[PDB]
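Take a look at this one chain, the form deposited in one PDB entry, written out in structure tokens.
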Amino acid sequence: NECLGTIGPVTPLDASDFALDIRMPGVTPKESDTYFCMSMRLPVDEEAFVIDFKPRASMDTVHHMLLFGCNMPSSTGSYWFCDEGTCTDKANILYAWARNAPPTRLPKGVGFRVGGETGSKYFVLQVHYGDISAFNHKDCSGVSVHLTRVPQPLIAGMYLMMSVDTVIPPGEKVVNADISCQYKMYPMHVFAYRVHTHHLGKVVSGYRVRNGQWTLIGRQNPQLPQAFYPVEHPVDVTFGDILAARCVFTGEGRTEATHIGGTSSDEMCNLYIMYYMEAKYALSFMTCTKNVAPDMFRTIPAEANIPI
């Protein structure tokens, strides 16, 4: 957790492997619930694989950490408030660290592909400070990332499901945000999932639908720590399957309508489905921002409507 100083952020591990430490540049937050961000350009231009993550966080002050891969970080320089954004392009989430929900490891043989022609060129670290009650001292919290240039037999990726058009009228008891897309790639295997909502979300659920049958991928209270939780049973999604997600929102407590957006007063319905694929079939990211089968949600399991 200590700042690195003279030895810097790159530690050789083996002939082909190295650790990259992505830390805050000795920051001292002034308010509670501060969101700090920073970027590291990858040290290698060629293709590499992220096979492990080690959290390096002060247990007193850090609420959560997020690590992203992208090509255009929102800001240049040393560090910034993530109120100005994380990445200008698509931020590909790699890792979440929650205080009250310790992370689960990548399965062995699984890595994210980064760098090269098409991979992420930058890491962006987001650190959410909770208490900030310490003393006035400098903080260097972050993540140690294990990189290798040995190709991995299985490639990790992210299937992101997000609402874009949700409107939650003020005081409205239940507002559903439904998301659905047909899967049209090679088989992916879901091993982890993360849900994200702001203060109005009560339950988020995602399913694979295969010939009318709903198989649960993940279902979580978004007010609980937003870590990646492992899937109960590894769920394969194959060509012709439908991915379906529902967030349940309340409008109660709000004087005005709440829509999708980036601030605390806005909402989000995000479901991050972390998968692996065979390397020769793999693609690193997919997104569903649509609702292609809206009448299919008539047979959605009851669990998706009651809170956990």
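Residues carry their position along the shown sequence, with the first being 1. Between two forms, the rigid core is defined as the largest C-alpha subset superposing within 1.5 Å.
Although not depicted, the form deposited in another entry is the subject of the following passage.
**Student:** Quick check: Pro151 between this form and the one not shown - does its CA shift reach 2 Å or more after fitting the rigid core?
**Tutor:** Result for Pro151: no, shift under 2 Å.
**Student:** Quick one: core overlaid, is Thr166 moving 2 Å or more at the Cα between this form and the one not shown?
**Tutor:** Where the cores coincide, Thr166 still shows a C-alpha shift between this form and the one not shown that is 2 Å or more.
**Student:** Core-aligned, is the CA shift for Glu278 between this form and the one not shown 2 angstroms or more?
**Tutor:** No; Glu278 is a residue whose C-alpha shifts by less than 2 Å between this form and the one not shown when the cores are overlaid.
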